[PDB]
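To begin, one chain is listed below as structure tokens, in the form deposited without its partner chain.
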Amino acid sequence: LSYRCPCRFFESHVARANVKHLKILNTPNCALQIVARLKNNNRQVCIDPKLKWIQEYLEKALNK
């Protein structure tokens, strides 16, 4: 129950503009660690870590 990795399924086609924030879960046992909190509906969804915009969004946040 509380032992299952939190992200069982992911969303593939979430857009940067519709994200309040990304949560990056500290779950190294687990395949999927990226969660989006969505602007339109306030849902939290797990997202595809290969989504191209994610890498740029996080790089930006690192103020490099």
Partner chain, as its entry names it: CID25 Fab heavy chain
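Positions refer to the first chain, counted from 1.
Novice: Highest mean C-alpha temperature factor of the two stretches 48 to 56 and 17 to 25, which is it?
Specialist: Mean B over CA atoms: larger for 48 to 56.
Novice: If you rank the chain by CA B-factor, which third does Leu1 end up in: lowest, middle or highest?
Specialist: Highest third - that is where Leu1 ends up once the chain's C-alpha B-factors are sorted.
Just so it is clear, the following notes concern the form deposited with its partner chain bound, a form of the same protein that is not shown.
Novice: For the stretch 46 to 64, return the residues whose heavy atoms include at least one within 4.5 Å of its partner chain in the bound PDB entry, in the order they occur.
Specialist: The stretch touches the partner through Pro49, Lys50, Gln55, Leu58, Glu59, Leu62, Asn63.
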